[PDB]
């Protein structure tokens, strides 16, 4: 008598340690491996996300698509006080799960969750969320929004030289229009990490695209 996202949260509440981000991630990944698949970036691709954050040291991050909060918890746990991870989530029930997950994980002081569609919120970031430019963007929402939101981020002046875009699922389910754009454009320098779809033995990959300036 509940939703899958509630079942994931409840599993965390009963199995993970309050305030322990590692333990929250482990409980989510265990539940989704063993009981019900869900579209979290997961532990194998999450290790690649962690390495990108360690390599580029962002302190202002934007996430597109929060779902149950797995990736927000994963990324926020690596950030130091004063860092900001702004996450945009269009589905208000998912947003409600994400806020509870972030709170339980102990990272709420680093996370600003915004309910709404990325295309509506992105142009408000500078004036309403006190953003200058972004250090890193994690794209993980509906894949047909990757390219339009990348273009919007650029038009809105949110990318500086050196901003890191990191996109999940560029192979499966796929983001070919986004890939063709960033790989063909002199405005980006791209790296591809081959990996696997979360919780499955199916090939996937992430693309890192560094903005070079207009």
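Numbering follows the first chain given and starts at 1. Note that the rigid core is defined as the largest set of C-alphas that superpose within 1.5 Å between two forms.
Averaged as a root mean square over residues and superposed structures in 7 other deposited structures of this protein, CA distances to the shown form are larger in 8-16; the pair compared was 8-16 and 196-204 with a core fit.
Set 153-161 against 62-70 and average the Cα temperature factors; 153-161 ends up higher.
Of the two segments, 87-95 and 121-129, the one listed with the higher mean B-factor is 121-129 (C-alpha atoms only). Residue-level inspection of the entry shows that, of 170, 187, 38, 49, 187 has the top Cα B-factor. Sort the chain's modelled residues by C-alpha temperature factor and residue 109 lands in the highest third, per the entry. Residue 14 sits in the highest third of its chain by CA B factor, as recorded in the PDB entry.
Per the PDB record, residue ranking by Cα B-factor puts residue 197 in the middle third of the chain. Among the modelled residues of its chain, residue 44 has a C-alpha B-factor that falls in the highest third according to the deposited record. When the modelled residues of the chain are ordered by their C-alpha B factor, residue 79 lands in the highest third.
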